[PDB]
Structures are given as C-alpha cells and as structure tokens.
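Scroll down for the structure; my scribbles are underneath it.
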Amino acid sequence: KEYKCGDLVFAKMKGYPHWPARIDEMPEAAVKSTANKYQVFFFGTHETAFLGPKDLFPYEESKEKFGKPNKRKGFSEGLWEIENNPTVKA
Amino acid sequence: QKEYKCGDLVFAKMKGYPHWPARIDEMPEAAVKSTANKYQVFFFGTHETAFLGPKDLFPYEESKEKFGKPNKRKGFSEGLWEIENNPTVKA
DNA sequence: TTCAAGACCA
DNA sequence: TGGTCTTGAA
C-alpha cells in the first residue's frame with residue numbers, strides 16, 4: 001500500500017511476468033477530478049455538492065462566525081438539523 | 001484545513017449562498033474506484049504505460065531476487081538494464 | 001413591484 | 001470598498 005512518485009517497482013500486467021517499472025505522476029486531469037473533492041450534504045435543503053477544503057470550515061469551531069440567523073430558504077432549518085438531527089442522511 | 005473525514009460537520013461555501021451548515025458524506029463508489037489506489041506505472045524496456053493498484057506492485061530491491069531473473073519477452077532484458085543503469089528514461 | 005440585507009465582481 | 005444584482009418578504 002502507498003507509493004511515491006519515482007519508486008522503482010516490478011509490475012504485473014495480465015499475460016506478462018512481473019515487470020521492471022517506475023511510478024509516475026497520474027494525469028493532472030485525473031487528479032484534479034478527485035484530489036480534495038469531498039461530497040457535501042447540506043442541512044435544511046438536503047442537497048449535495050462536491051467541494052474542496054477552501055470552501056469547508058469546521059462547525060463548533062465557527063458557529064459564532066457563520067451560525068448567525070439567515071433568511072435564505074432552508075438555513076434556519078439547517079442550523080436546527082445540524083444541532084438536533086445531524087445524521088439526517090436523507 | 002484539509003483531510004476531512006466522513007461525518008464531519010462543517011459550514012460549506014457555495015457561490016451565491018452564505019457559509020452553509022453541512023455534513024461531509026462519502027463520494028460515489030464509482031468516482032472513488034476510478035482513482036483510489038491507482039498509480040500511473042511506466043514500464044522499463046517497452047516504455048508503455050498503465051494504471052495499477054498496489055495488488056500488482058512489488059518494490060524493486062525487496063524483490064529483484066524473485067522477479068529479476070532473465071526472461072525472453074520483448075524488452076524485458078533491456079528493462080532490467082534500464083531500471084539499474086538509467087532509471088530516469090521517462091521517454 | 002416595491003425595499004433592505006447580503007452576495008458578486010472589479 | 002463601491003456599485004449592482006438577487007433573494008425574500010412586505
């Protein structure tokens with residue numbers, strides 16, 4: 001489990017013996033599509049979306065900052081669920 | 001912050017909305033499987049490329065006894081020469 | 001269709 | 001920050 005870029009290995013392809021090989025970088029496109037992509041369920045609205053860590057902030061650790069009441073549809077409901085029904089999972 | 005875990009409570013920021021109460025779920029199994037434990041391997045001798053899980057990888061040095069013995073397949077001998085003498089070929 | 005809070009972009 | 005657009009509720 002786990003390899004770094006530039007590790008020397010033997011690699012088994014179907015039909016071939018274990019073969020001398022090197023670990024290279026994956027295609028940038030391939031990594032950008034999943035590296036730091038978490039799925040996010042949203043309380044109140046129950047929608048989800050995919051997000052990177054810039055756009056995520058821990059709750060508890062910032063409920064005075066971002067927990068102030070808000071008029072957008074489902075927000076109050078979201079502040080209730082996260083504190084009262086956090087495992088909605090619906 | 002980085003490396004969040006499944007079930008972490010967060011505020012989440014989308015375009016046009018305030019910082020929003022959220023939970024981190026699992027990604028879709030398909031999406032995960034498409035890049036989880038998948039390395040881009042380059043093969044010495046042939047210089048072909050593939051994508052492999054750790055199942056199909058064995059470190060060199062640790063196993064040049066087992067797997068490093070002479071073989072008649074196209075490019076294997078060269079391959080054993082390159083991994084020792086020119087491991088940077090990258091061509 | 002008014003207005004005010006707040007969300008964007010330059 | 002300033003200026004404008006949008007949301008939600010009179």
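Read the figures in this text as sums done on the coordinates, not as results from a lab. A quick note on method: Cβ atoms are made from the backbone with ideal geometry, for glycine too, and the neighbour counts reach across all protein chains shown.
May I ask you to verify whether B:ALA36 is small (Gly, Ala, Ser) and facing chain A (nearest Cβ under 7 Å)? Taking the combined requirement at face value, the residue does not satisfy it.
Results for (1) aromatic (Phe, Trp, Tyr); (2) part of a helix (DSSP H, G or I), shown as yes or no for each residue.
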residue	(1), (2)
B:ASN37	no, no
B:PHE42	yes, no
B:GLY45	no, no
B:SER63	no, no
B:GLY68	no, no
B:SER77	no, yes
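Checked against the criterion of being more than 7 Å from chain A (Cβ to nearest Cβ), away from DNA strand D (no atom under 16 Å from the Cβ), in contact with a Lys or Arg (Cβ under 8 Å, 6 or more places away or on another chain) and not basic (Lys, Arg), the candidates B:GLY68, B:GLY53 yield just one match: B:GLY53.
Looking only at the stretch B:1-13, count every residue that is more than 7 Å from chain A (Cβ to nearest Cβ) and without any contact (Cβ under 8 Å) to a residue 12 or more places away in the chain and tell me the total. Summing the residues that are more than 7 Å from chain A (Cβ to nearest Cβ) and without any contact (Cβ under 8 Å) to a residue 12 or more places away in the chain in the stretch B:1-13 gives 1. The sole residue among A:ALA30, A:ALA11 that is surrounded by 15 or more Cβ atoms within 10 Å (Cβ to Cβ) and within 30 Å of B:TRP81 (Cβ to Cβ) is A:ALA11. Entry remark, the stretch B:14-27: residues being within 16 Å of DNA strand D (Cβ to nearest atom), surrounded by fewer than 18 Cβ atoms within 10 Å (Cβ to Cβ) and within 7 Å of chain A (Cβ to nearest Cβ) number 3 in total. Of all residues in the stretch A:71-90, those that are within 16 Å of DNA strand D (Cβ to nearest atom), facing chain B (nearest Cβ under 8 Å) and surrounded by fewer than 17 Cβ atoms within 10 Å (Cβ to Cβ) total 1. If the condition is being of a type outside the set (A, V, I, L, M) and outside any loop (DSSP other than H, G, I, E, B), then the stretch A:79-89 contributes A:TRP80, A:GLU81, A:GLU83, A:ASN84.
For the stretch A:39-49, enumerate the residues that are within 8 Å of chain B (Cβ to nearest Cβ) and of a type outside the set (S, T, N, Q). Give the steps one after another, and end with the answer.
Taking the stretch A:39-49 and keeping what is within 8 Å of chain B (Cβ to nearest Cβ), we get A:39-44, A:48-49.
Scanning the stretch A:39-49 gives A:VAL40, A:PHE41, A:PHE42, A:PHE43, A:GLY44, A:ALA49.
Please state which one of B:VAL41, B:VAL32 is within 30 Å of A:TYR38 (Cβ to Cβ) and in contact with a strand residue (DSSP E or B) (Cβ under 7 Å, 6 or more places away or on another chain). Let's see the steps before the verdict.
Details: B:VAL32 fails: in contact with a strand residue (DSSP E or B) (Cβ under 7 Å, 6 or more places away or on another chain).
The match here is B:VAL41.
Residues in the stretch B:11-29 that are away from DNA strand C (no atom under 16 Å from the Cβ) and touching a strand residue (DSSP E or B) at 6+ places or on another chain (Cβ under 6 Å): B:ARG23, B:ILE24, B:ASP25, B:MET27.
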